[PDB]
$ cat entry36.tsv   # TSV, C-alpha atoms
chain	number	residue	atom	x	y	z
D	196	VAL	CA	0.00	0.00	0.00
D	197	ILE	CA	1.29	3.44	-1.01
D	198	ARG	CA	-0.69	6.62	-0.31
D	199	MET	CA	-1.09	8.97	-3.29
D	200	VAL	CA	-0.68	12.45	-1.77
D	201	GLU	CA	-0.51	15.13	-4.46
D	202	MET	CA	2.13	17.73	-3.61
D	203	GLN	CA	0.64	21.23	-3.62
D	204	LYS	CA	2.96	23.22	-5.88
D	205	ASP	CA	3.49	26.98	-5.68
D	206	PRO	CA	0.72	28.75	-7.64
D	207	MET	CA	3.12	31.45	-8.84
D	208	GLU	CA	6.07	30.05	-10.82
D	209	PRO	CA	7.56	29.68	-14.30
D	210	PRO	CA	7.16	26.18	-15.79
D	211	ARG	CA	9.75	23.62	-14.75
D	212	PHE	CA	10.67	22.55	-18.29
D	213	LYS	CA	10.42	23.65	-21.93
D	214	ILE	CA	7.93	22.41	-24.53
D	215	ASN	CA	7.85	18.62	-24.29
D	216	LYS	CA	9.32	16.97	-27.40
D	217	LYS	CA	8.30	13.45	-26.33
D	218	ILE	CA	6.04	11.14	-28.35
D	219	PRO	CA	2.68	10.81	-26.54
D	220	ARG	CA	1.15	7.92	-28.51
D	221	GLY	CA	1.74	5.37	-31.25
D	222	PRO	CA	1.66	6.26	-34.95
D	223	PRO	CA	0.19	2.83	-35.81
D	224	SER	CA	-3.61	2.69	-35.85
D	225	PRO	CA	-6.29	-0.04	-35.81
D	226	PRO	CA	-6.77	-0.12	-39.62
D	227	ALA	CA	-10.38	-1.31	-39.86
D	228	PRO	CA	-11.23	-2.77	-43.29
D	229	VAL	CA	-13.78	-1.28	-45.66
D	230	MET	CA	-15.93	-4.29	-46.71
D	231	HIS	CA	-18.35	-1.93	-48.47
D	232	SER	CA	-18.86	-3.41	-51.94
D	233	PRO	CA	-16.98	-5.69	-54.39
D	234	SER	CA	-15.25	-3.40	-56.88
D	235	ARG	CA	-15.54	-4.70	-60.44
D	236	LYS	CA	-15.54	-3.47	-64.03
D	237	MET	CA	-18.63	-1.63	-65.24
D	238	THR	CA	-18.95	-2.53	-68.94
D	239	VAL	CA	-16.98	-2.64	-72.18
D	240	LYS	CA	-18.54	0.71	-73.08
D	241	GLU	CA	-17.51	2.24	-69.74
D	242	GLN	CA	-14.30	3.52	-71.33
D	243	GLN	CA	-16.35	5.19	-74.09
D	244	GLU	CA	-19.12	6.55	-71.85
R	3	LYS	CA	9.80	50.87	20.67
R	4	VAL	CA	6.71	52.93	19.88
R	5	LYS	CA	3.53	51.70	21.56
R	6	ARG	CA	1.56	52.81	18.44
R	7	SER	CA	-1.56	53.71	20.43
R	8	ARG	CA	-0.72	56.79	22.60
R	9	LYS	CA	-3.79	56.00	24.71
R	10	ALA	CA	-2.43	56.04	28.33
R	11	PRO	CA	-1.97	52.34	29.28
R	12	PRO	CA	-3.36	51.43	32.71
R	13	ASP	CA	-1.82	50.17	35.94
R	14	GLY	CA	0.28	47.02	35.90
R	15	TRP	CA	2.06	48.01	32.69
R	16	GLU	CA	4.89	49.53	34.74
R	17	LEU	CA	5.13	46.26	36.68
R	18	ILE	CA	5.66	44.39	33.39
R	19	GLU	CA	7.70	47.18	31.76
R	20	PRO	CA	11.35	45.97	32.14
R	21	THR	CA	10.41	42.31	31.67
R	22	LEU	CA	8.81	42.89	28.26
R	23	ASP	CA	11.61	45.30	27.35
R	24	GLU	CA	14.24	42.60	27.92
R	25	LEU	CA	12.32	40.18	25.70
R	26	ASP	CA	11.86	42.84	23.01
R	27	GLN	CA	15.57	43.69	23.08
R	28	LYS	CA	16.39	39.99	22.70
R	29	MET	CA	14.22	39.65	19.59
R	30	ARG	CA	15.63	42.83	18.03
R	31	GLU	CA	19.16	41.52	18.58
R	32	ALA	CA	18.09	38.18	17.09
R	33	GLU	CA	16.59	39.97	14.08
R	34	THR	CA	19.91	41.75	13.53
R	35	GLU	CA	21.79	38.44	13.51
R	36	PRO	CA	23.41	37.60	10.15
R	37	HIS	CA	22.51	34.67	7.92
R	38	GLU	CA	25.81	32.89	8.59
R	39	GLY	CA	25.71	29.69	10.63
R	40	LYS	CA	22.04	28.97	10.01
R	41	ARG	CA	21.54	26.44	7.23
R	42	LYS	CA	18.24	27.33	5.54
R	43	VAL	CA	15.50	27.93	8.13
R	44	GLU	CA	17.52	27.91	11.35
R	45	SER	CA	17.68	31.72	11.29
R	46	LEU	CA	13.91	31.92	11.79
R	47	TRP	CA	14.19	29.63	14.85
R	48	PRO	CA	15.17	32.39	17.36
R	49	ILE	CA	12.39	34.53	15.88
R	50	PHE	CA	9.77	32.03	17.03
R	51	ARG	CA	11.70	31.21	20.22
R	52	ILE	CA	11.61	34.83	21.38
R	53	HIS	CA	7.96	34.99	20.31
R	54	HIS	CA	7.15	31.82	22.26
R	55	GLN	CA	8.69	33.23	25.44
R	56	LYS	CA	6.87	36.54	24.96
R	57	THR	CA	3.49	34.81	24.75
R	58	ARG	CA	4.29	32.59	27.74
R	59	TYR	CA	4.99	35.60	29.96
R	60	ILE	CA	1.62	37.25	29.31
R	61	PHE	CA	-0.34	33.99	29.56
R	62	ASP	CA	1.28	33.04	32.88
R	63	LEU	CA	0.56	36.52	34.26
R	64	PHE	CA	-3.10	36.25	33.18
R	65	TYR	CA	-4.03	32.57	33.63
R	66	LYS	CA	-1.40	30.99	35.90
R	67	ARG	CA	-0.47	33.78	38.31
R	68	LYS	CA	-3.55	35.93	37.46
R	69	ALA	CA	-1.77	39.08	38.69
R	70	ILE	CA	-2.23	41.31	35.63
R	71	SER	CA	-5.55	43.07	35.10
R	72	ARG	CA	-7.82	42.31	32.15
R	73	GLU	CA	-7.57	45.92	30.94
R	74	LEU	CA	-3.78	45.63	30.80
R	75	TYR	CA	-4.19	42.18	29.23
R	76	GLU	CA	-6.30	43.57	26.38
R	77	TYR	CA	-3.88	46.47	25.91
R	78	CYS	CA	-0.95	44.04	25.71
R	79	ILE	CA	-2.63	41.86	23.08
R	80	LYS	CA	-3.54	44.94	21.04
R	81	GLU	CA	-0.07	46.53	21.20
R	82	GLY	CA	1.60	43.31	20.03
R	83	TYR	CA	3.09	41.84	23.21
R	84	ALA	CA	1.53	38.43	22.51
R	85	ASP	CA	-0.47	36.91	19.68
R	86	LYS	CA	-4.14	36.23	20.35
R	87	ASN	CA	-4.06	33.03	18.29
R	88	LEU	CA	-1.16	31.64	20.34
R	89	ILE	CA	-3.06	32.22	23.59
R	90	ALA	CA	-6.16	30.63	22.06
R	91	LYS	CA	-4.37	27.38	21.21
R	92	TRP	CA	-2.91	27.17	24.72
R	93	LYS	CA	-6.37	27.46	26.28
R	94	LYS	CA	-7.27	23.98	25.02
R	95	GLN	CA	-6.15	20.98	27.06
R	96	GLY	CA	-4.85	19.19	23.97
R	97	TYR	CA	-2.10	21.76	23.38
R	98	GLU	CA	-0.36	23.55	26.25
R	99	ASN	CA	3.33	23.53	25.22
R	100	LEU	CA	3.06	23.84	21.45
R	101	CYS	CA	6.17	24.93	19.57
R	102	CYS	CA	4.70	27.25	16.93
R	103	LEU	CA	1.35	28.07	15.38
R	104	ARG	CA	2.70	27.11	11.95
R	105	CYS	CA	3.19	23.52	13.13
R	106	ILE	CA	-0.50	23.20	14.07
R	107	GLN	CA	-1.66	24.01	10.53
R	108	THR	CA	-3.06	20.93	8.81
R	109	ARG	CA	-2.51	22.24	5.26
R	110	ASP	CA	1.20	22.98	5.78
R	111	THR	CA	2.46	19.40	5.45
R	112	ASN	CA	2.67	17.80	2.01
R	113	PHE	CA	1.31	14.50	3.36
R	114	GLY	CA	-1.52	16.33	5.14
R	115	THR	CA	-0.69	15.79	8.80
R	116	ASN	CA	0.89	17.47	11.81
R	117	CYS	CA	4.59	17.99	12.53
R	118	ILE	CA	7.00	16.30	14.91
R	119	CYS	CA	6.64	19.22	17.34
R	120	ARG	CA	3.08	18.16	18.25
R	121	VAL	CA	4.01	14.56	19.08
R	122	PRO	CA	5.11	13.05	22.42
R	123	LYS	CA	8.39	11.20	22.76
R	124	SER	CA	6.85	8.08	24.31
R	125	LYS	CA	4.51	7.60	21.34
R	126	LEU	CA	7.32	8.34	18.86
R	127	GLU	CA	10.19	6.14	17.73
R	128	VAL	CA	13.12	5.14	19.93
R	129	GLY	CA	16.04	6.65	18.03
R	130	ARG	CA	14.98	10.15	17.01
R	131	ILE	CA	16.76	13.42	17.81
R	132	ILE	CA	14.81	15.24	15.11
R	133	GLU	CA	13.66	18.85	15.43
R	134	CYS	CA	10.79	20.59	13.65
R	135	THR	CA	12.08	22.62	10.69
R	136	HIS	CA	8.96	24.79	10.43
R	137	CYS	CA	8.28	25.24	14.16
R	138	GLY	CA	11.79	25.23	15.61
R	139	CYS	CA	11.84	22.59	18.35
R	140	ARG	CA	9.74	19.78	19.83
$ encode --input "entry36.tsv" --output "structure tokens"
Amino acid sequence: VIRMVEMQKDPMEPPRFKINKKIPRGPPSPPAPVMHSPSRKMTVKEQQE
Amino acid sequence: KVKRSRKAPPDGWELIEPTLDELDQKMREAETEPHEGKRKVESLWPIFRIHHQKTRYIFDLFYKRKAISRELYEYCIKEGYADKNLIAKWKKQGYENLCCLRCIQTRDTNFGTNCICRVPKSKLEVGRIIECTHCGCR
């Protein structure tokens, strides 16, 4: 058991560090598939239409 | 020192005149002490120690010995001879020899508790020669 006691900082101060250049999350995603419709050719006259 | 009232203080003030003058001269000499020797907050320790003895002299003359009058007691608390909050904490039976009023503040500690000044030695640990950094002593 460890008690989580938040330290009350001084409410008048410059920030302790600069702008954080650390990566917050992961650039991979959950790439969900489309599964909308089977893509196929229209017709032989589709190139002329 | 200036009394800052100019309102003709009553009888009994001359009986406590050189006693409060010796305590006021001790605090003014402690305030003129340099910052050498004290580490970080040890220089404020004789400031509270002279203030603790100044409040104990008025409270013993009013409650313990009961020799000073109440009109001279109210004039002493108004002129700054003793703090009214320090005499109020000593009126309770739970605290009669408290080190400082800053040690009794619950919001002062980071863990949200009291200091080592308001703790008896029998209920504390065996090996401990620690002193209160905020208050000044045990």
$ atom_distance --input "entry36.tsv" --atom1 "CA of residue 107 (chain R)" --atom2 "CA of residue 122 (chain R)"
17.5 Å
$ interface_residues --input "entry36.tsv" --of "chain R" --to "chain D" --cutoff "12 Å" --atoms "all atoms listed in the file" --output "PyMOL selection string"
chain R and resi 109-115
$ atom_distance --input "entry36.tsv" --atom1 "CA of residue 72 (chain R)" --atom2 "CA of residue 102 (chain R)"
24.8 Å
$ residues_around --input "entry36.tsv" --residues "residue 93 (chain R)" --least-positions-apart "4" --cutoff "12 Å" --atoms "only C-alpha atoms" --output "list in words"
residues 58, 61, 62, 64, 65, 66, 86, 87, 88, 89, 97, 98, 99 and 100 of chain R
$ residues_around --input "entry36.tsv" --residues "region 47-55 of chain R" --least-positions-apart "6" --cutoff "12 Å" --atoms "only C-alpha atoms" --output "ChimeraX atom specification"
/R:21-22,24-35,37,40-41,61-62,82-85,87-89,92,98-105,133-140
$ write_last_selection --input "entry36.tsv" --atoms "C-alpha atoms" --output "compact mmCIF listing (two decimals), in the frame of the given file"
# COMPACT_ATOMS: atom_id res chain seq x y z
CA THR R 21 10.41 42.31 31.67
CA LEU R 22 8.81 42.89 28.26
CA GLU R 24 14.24 42.60 27.92
CA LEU R 25 12.32 40.18 25.70
CA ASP R 26 11.86 42.84 23.01
CA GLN R 27 15.57 43.69 23.08
CA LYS R 28 16.39 39.99 22.70
CA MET R 29 14.22 39.65 19.59
CA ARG R 30 15.63 42.83 18.03
CA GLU R 31 19.16 41.52 18.58
CA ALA R 32 18.09 38.18 17.09
CA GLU R 33 16.59 39.97 14.08
CA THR R 34 19.91 41.75 13.53
CA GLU R 35 21.79 38.44 13.51
CA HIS R 37 22.51 34.67 7.92
CA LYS R 40 22.04 28.97 10.01
CA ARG R 41 21.54 26.44 7.23
CA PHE R 61 -0.34 33.99 29.56
CA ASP R 62 1.28 33.04 32.88
CA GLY R 82 1.60 43.31 20.03
CA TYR R 83 3.09 41.84 23.21
CA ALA R 84 1.53 38.43 22.51
CA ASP R 85 -0.47 36.91 19.68
CA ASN R 87 -4.06 33.03 18.29
CA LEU R 88 -1.16 31.64 20.34
CA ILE R 89 -3.06 32.22 23.59
CA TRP R 92 -2.91 27.17 24.72
CA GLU R 98 -0.36 23.55 26.25
CA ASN R 99 3.33 23.53 25.22
CA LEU R 100 3.06 23.84 21.45
CA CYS R 101 6.17 24.93 19.57
CA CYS R 102 4.70 27.25 16.93
CA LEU R 103 1.35 28.07 15.38
CA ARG R 104 2.70 27.11 11.95
CA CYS R 105 3.19 23.52 13.13
CA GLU R 133 13.66 18.85 15.43
CA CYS R 134 10.79 20.59 13.65
CA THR R 135 12.08 22.62 10.69
CA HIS R 136 8.96 24.79 10.43
CA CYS R 137 8.28 25.24 14.16
CA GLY R 138 11.79 25.23 15.61
CA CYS R 139 11.84 22.59 18.35
CA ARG R 140 9.74 19.78 19.83
$ atom_distance --input "entry36.tsv" --atom1 "CA of residue 10 (chain R)" --atom2 "CA of residue 75 (chain R)"
14.0 Å
$ residues_around --input "entry36.tsv" --residues "residue 8 (chain R)" --least-positions-apart "3" --cutoff "12 Å" --atoms "all atoms listed in the file" --output "PyMOL selection string"
chain R and resi 4-5+11-12+77+81
$ closest_residue --input "entry36.tsv" --among "R:74, R:124, R:18, R:43" --to "residue 56 (chain R)" --atoms "only C-alpha atoms"
R:18
$ residues_near_point --input "entry36.tsv" --point "(-0.3, 16.5, 13.7)" --cutoff "8 Å" --atoms "only C-alpha atoms" --output "JSON, numbers by chain"
{"R": [105, 106, 108, 115, 116, 117, 118, 120, 121]}
